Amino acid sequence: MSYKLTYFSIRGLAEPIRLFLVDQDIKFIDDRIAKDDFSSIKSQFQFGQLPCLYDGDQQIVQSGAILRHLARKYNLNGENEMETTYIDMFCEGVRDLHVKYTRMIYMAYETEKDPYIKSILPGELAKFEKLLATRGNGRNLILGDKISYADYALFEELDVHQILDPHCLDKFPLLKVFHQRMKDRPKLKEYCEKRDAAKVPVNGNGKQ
């Protein structure tokens, strides 16, 4: 196949890209590497890291650049400049939350999980609840009736946070409904069921 996505055998940074491809029914090689095999191939990647998307003869690293490239190719980058900017801004906010999440996961899970759930996460989710409402009253997708790459990133971030704290979206009905809407899309429903059956690790250290 012409698309190949190389990453570790976890959800991590690649999962929104996987979700984009699965939902759009773009067939790809999901190339999942063992942690010990990475050293021998790391020099092949431009910053020594994954994920990497091979798109025909093009080798593209950096998850955000991969997503935006696919978005342009498949018309999921908004319909005008303002929409393009908005989904970019939204998606960058999602990345900020993921940074806070991964710092807690990898550096301080045993002591910072509880405080993160109680004192950090609610205020961060509230920013998205308010933002999501700006188009289509937040009752469909980030841009309203048309899907964009930012929807896959937000879906994943809400999903991993619900694993972490099953009740984190209780006070956020728009985010809760958005999450379920995205999970109900036929190709994602099937994919997420298989992902759960295999208990795919969210992170590289087994914590979630």
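Start at 1 and count along the sequence shown; that's the residue number.
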- Query: Averaging C-alpha B-factors over each stretch, which comes out higher, 128 to 136 or 74 to 82?
  - Reply: 128 to 136
- May I ask you to compare 53 to 61 and 32 to 40 by their mean CA B factor in the entry and name the higher one? 32 to 40
- Select one of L164, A150, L158, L141: the residue whose C-alpha shows the highest B-factor in the crystal structure entry. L141
- In terms of its chain's C-alpha B-factors, the third that includes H69 is the lowest
- Task: For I117, return the chain-relative third of its C-alpha B-factor as stated in the PDB record: lowest, middle or highest.
- Result: highest
- Item | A108 CA temperature factor, ranked by third within the chain | highest
- Query: Ranked by Cα temperature factor within the chain, is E193 in the lowest third, the middle third or the highest third?
  - Reply: middle
- Ordered by C-alpha B-factor within the chain, which third holds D25? Give me lowest, middle or highest, please. middle
